[PDB]
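In the form solved without its partner chain, a lone chain appears below as structure tokens.
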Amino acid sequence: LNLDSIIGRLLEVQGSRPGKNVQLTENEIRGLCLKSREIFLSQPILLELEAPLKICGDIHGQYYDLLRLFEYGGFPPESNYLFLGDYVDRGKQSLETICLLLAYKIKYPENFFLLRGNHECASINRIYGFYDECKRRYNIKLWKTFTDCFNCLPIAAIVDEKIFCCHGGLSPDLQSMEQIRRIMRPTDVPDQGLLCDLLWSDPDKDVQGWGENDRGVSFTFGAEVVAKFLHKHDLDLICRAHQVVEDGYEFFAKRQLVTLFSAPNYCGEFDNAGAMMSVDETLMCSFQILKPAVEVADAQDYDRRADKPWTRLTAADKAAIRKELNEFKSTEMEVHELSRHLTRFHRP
């Protein structure tokens, strides 16, 4: 792997017009996937990290906002980074986004961490853009190589034994951290249960305990669920993403939970800022945010609106895709022996 060549080419588009592509070869991206996958498997599924550290929420393929985020926070290894998932889909340059992130994971495996979001799974990113991007610029085989890599991402991270991090949120099935640790990879993300909730659930001040999630997936959880969780496991903060928030960061449950969203002007459909959170050695939290026109800075002004081909799917098309997902997951997608029960199949 010519990693430094790969990275330099991904960064060279800094200062170009947002949208311009980085031309990696099929084997270079195949290399990124296979080596990063090996590193993800060598590391815990429940990461145990230490401050200082910067944490980012969703990026969703907004590659040039990711460059601007690093320009603002520091390019690795100038800062340590944890990303909370959702690197692909919805944006137009998921491939450059994930490839840079995976390259930095190979370049700095001890100072750069990527958690699994609900969009790093085959059933979701098949629909919401990524699969289309791989087919267009490369081939279906490469989308399946990414799927193998995504199936090996860690699911959560604890920073200094006090900040619990995941993409979505808590689970009613999450009683012991050991339940996360015992999950075997490669694995799919199930249609319900602990691994589903960890990547899909949301907080809600209106809920006392657990409530209905408007997505039709997983649940919502209330502030008391947050407080009881923190007290039981002697934590101080939950850090998660998954939800657009006005200023890129938003506190919840007496500032015991924070939502981070790093994609400003998300999909060109919200007036939101993107935020990174800095955690220093003394566990102090602070924020830097990219706003469209606590430290502030102006976000890049380009057209983030993207085509939403899933809205055009016919019932016949949906059926065909479910058949494709089922065949792929049944005959090709590698799944650890102890995790086949988690493989999310679809109704015929």
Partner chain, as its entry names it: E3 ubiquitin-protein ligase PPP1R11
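Residues that one form lacks are left out of the comparison. The term rigid core refers to the maximal set of C-alpha atoms that superpose within 1.5 Å between the two forms. Positions refer to the first chain, counted from 1.
One more form of this protein exists, namely the form solved in complex with its partner chain; it is left out here, but the text below deals with it.
- Among residues of the shown chain, residue 166 is not one whose heavy atoms approach its partner chain to within 4.5 Å in the entry with it bound.
- At a distance threshold of 4.5 angstroms between non-hydrogen atoms, residue 106 is out of contact with its partner chain in the entry with it bound.
- With a 4.5 Å cutoff on heavy atoms, residue 246 counts as touching its partner chain in the entry with it bound.
- The closest non-hydrogen atom of residue 101 lies beyond 4.5 Å of its partner chain in the entry with it bound.
- Segments of at least three consecutive residues in which every Cα is displaced by 2 Å or more between the shown form and the other one, once the core is aligned, occur only at 267-270.
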